[PDB]
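The structure is given below, and queries will be raised subsequently.
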Amino acid sequence: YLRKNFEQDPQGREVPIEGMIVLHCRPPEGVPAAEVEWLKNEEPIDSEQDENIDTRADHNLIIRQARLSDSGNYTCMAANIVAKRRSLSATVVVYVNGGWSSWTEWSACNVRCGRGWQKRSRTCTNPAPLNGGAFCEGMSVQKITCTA
Amino acid sequence: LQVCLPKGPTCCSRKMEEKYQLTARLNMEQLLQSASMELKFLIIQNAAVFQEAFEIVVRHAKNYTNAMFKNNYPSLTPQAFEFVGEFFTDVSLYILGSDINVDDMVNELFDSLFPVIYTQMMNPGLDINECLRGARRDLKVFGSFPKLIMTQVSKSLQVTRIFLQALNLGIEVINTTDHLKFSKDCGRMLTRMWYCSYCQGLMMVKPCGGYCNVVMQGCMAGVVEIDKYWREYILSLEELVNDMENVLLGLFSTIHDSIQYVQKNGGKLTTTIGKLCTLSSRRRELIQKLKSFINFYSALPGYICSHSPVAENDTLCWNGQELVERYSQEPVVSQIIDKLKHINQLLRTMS
Ligand SMILES: *[C@@H]1O[C@H](CO)[C@@H](O)[C@H](O)[C@H]1NC(C)=O
Ligand SMILES: *[C@@H]1O[C@H](CO)[C@@H](O)[C@H](O)[C@H]1NC(C)=O
Ligand SMILES: *[C@@H]1O[C@H](CO)[C@@H](O)[C@H](O)[C@H]1NC(C)=O
Ligand SMILES: *[C@H]1O[C@H](CO)[C@@H](O)[C@H](O)[C@@H]1O
């Protein structure tokens, strides 16, 4: 006998580019023991194909770096001699935080005599936000008054 | 010693070998930066200009909407300024990559706009506000205008958002290139090619062109693999440029026509409610200048050898260990390729 209700469905997670995430899965009660298989976007994943992904004896999908295994709808599926059962798909999205760039050089004073301007740019590219990452916090331009 | 193969005696110790290794690191980083500087400054300039230009467009469109409200519907001010400011603030927040729902922007705009229209224009004379907000959507008072604006602005704002993120990620990968750390074996090979001749007492001897070729094709085996994805990135950006200024600037006319449309059925509406309650030039020049750097990753080892001191003739040259008459003969790169694949899929889908 194989049950419909999964003991513990995989949870969707937000993980940075370097973060590591473990997707837990407890198959439903059944004799014999349910064979857990992971499917990324309704397609099976090969643990031997990549060092970053490995399948554990206790049905867990561990990802060390969010680079070698990017976002997707990971779904846990239990197979048995009776039938197969699909768990609730976890929406794993890898999010990249905004990071400030160095202060560029000060521009020349536009006005030759009297009140002038000097600019310094600061772009949000180290690192640039990805897959809806938080944008850089604060100002992007710096302006100072100069007297030539 | 661990780098300089000692064939005879040697004029340098192990610490001088470490100094030569660090100078080799600095020379490689300087050469890569010099190779990448023109492209980096091109993309930085364009990113800055497009960002400021989009912010100027959004500010000017908010200004024009506020001015047309001041001129045509003074009865709706100053509440009109609040919801217009909130709408265009959410517009800018969406452009800069924040999680904003475009349909929700338009729906909150019309939800805030309808009650003041009813109280000041249709039925002159705070607690009943939510009943009006519900009746706005339940009776479809604005007709197809909200969905028209919804699609009109979502289509342009999505392409603009992804354009800015693509420019920023290109800046990111180009900044990574000259900061690409290499293997230790490559460090020792570059130290041998550039400096280990000094340990053998030679003053002006340069390494062989062929030795530079084997060394560079040795440690750039991973970096050259980026070329496919960089080419696909360039071509997908070209696919995307072939839009947001016209839409945001006609928003005021569209809103005015929607207000006229609602006022057109005021007779039935009031009784029922009383009862119930130079940009395109820039992106073209950017793409035409960016296509000149499509060979950037494939021509990079050729650049390093053609800009490093080498004996092109392969005669009386340094082969890494002795003066010869003739020469005999991932992780960070993986991240670059991951982000390029991501941005390329994102680009191609907007097409
Ligand atoms: C994952 O679930 C979402 C729910 O909106 C759906 O849009 C999407 O098609 C699914 N798969 C992928 C590839 O995004
Ligand atoms: C709107 O445009 C007019 C035109 O002169 C200007 O006087 C006014 O300051 C502008 N308002 C805003 C908020 O930009
Ligand atoms: C690369 O980004 C880093 C941020 O720390 C910055 O220090 C550096 O100046 C940038 N690169 C170039 C080549 O200008
Ligand atoms: C950029 O701004 C400051 C450094 O000046 C920090 O709060 C942080 O590292 C941010 O990304």
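Mind checking whether some residue in region A:95-118 is within 14 Å of chain B (Cβ to nearest Cβ), under 20 Å from the mean Cα position of the chain (by Cα) and away from ligand 3 (no atom under 16 Å from the Cβ)?
The answer is yes, given that some residue of region A:95-118 is within 14 Å of chain B (Cβ to nearest Cβ), under 20 Å from the mean Cα position of the chain (by Cα) and away from ligand 3 (no atom under 16 Å from the Cβ).
Among the residues in region A:136-148, are any away from every other protein chain (no Cβ under 14 Å), surrounded by 15 or more Cβ atoms within 10 Å (Cβ to Cβ) and under 30 Å from A:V31 (Cα atoms)? Step through it out loud before you land on a result.
Step one: of region A:136-148, the residues away from every other protein chain (no Cβ under 14 Å) are A:144-148.
Restricting the remaining residues to those that are surrounded by 15 or more Cβ atoms within 10 Å (Cβ to Cβ) gives A:146.
Remaining after also requiring under 30 Å from A:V31 (Cα atoms): none.
The answer is no, given that none of the residues of region A:136-148 is away from every other protein chain (no Cβ under 14 Å), surrounded by 15 or more Cβ atoms within 10 Å (Cβ to Cβ) and under 30 Å from A:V31 (Cα atoms).
Is there any pair linking a residue in region B:55-78 that is closer than 15 Å to B:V116 by Cβ and within 14 Å of chain A (Cβ to nearest Cβ) to one that is within 11 Å of ligand 2 (Cβ to nearest atom) and assigned to a helix (DSSP H, G or I), with Cβ under 9 Å and at least six apart or on different chains, and which?
Here the result reads none, with nothing in region B:55-78 linked to a residue that is within 11 Å of ligand 2 (Cβ to nearest atom) and assigned to a helix (DSSP H, G or I).
Mind listing just one residue for me: the one in region A:119-130 that is within 7 Å of another protein chain (Cβ to nearest Cβ) and not in a strand (DSSP E or B) and, of those, farthest from the chain's Cα centre (by Cα)? Spell out the reasoning first.
Here is the first cut: in region A:119-130, the residues within 7 Å of another protein chain (Cβ to nearest Cβ) are A:121, A:123-130.
Next, only the ones that are not in a strand (DSSP E or B) stay: A:123-129.
Numbers: A:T123: 23, A:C124: 19, A:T125: 18, A:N126: 17, A:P127: 14, A:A128: 14, A:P129: 12 Å.
This residue is A:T123.
Continuing with this model, one more query. Condition (residue is surrounded by fewer than 19 Cβ atoms within 10 Å (Cβ to Cβ) and either within 16 Å of ligand 2 (Cβ to nearest atom) or outside any loop (DSSP other than H, G, I, E, B) (or both)) applied to region A:95-113: is it met by at least one residue?
no
Which pairs do you get when a residue that is within 11 Å of chain A (Cβ to nearest Cβ), found in region B:318-342, comes within reach of a residue that is among the small types (G, A, S), reach meaning Cβ atoms under 6 angstrom, with the pair 6+ apart or on two chains?
Once the first residue is within 11 Å of chain A (Cβ to nearest Cβ) and sits in region B:318-342, its partners that are among the small types (G, A, S) give B:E330/B:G222; B:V333/B:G222.
Computed from the coordinates by the stated procedures, all read-outs in this text should not be read as laboratory data. Please note: Cβ atoms are built from the backbone with ideal geometry, for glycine as well, and neighbour counts cover all protein chains shown.
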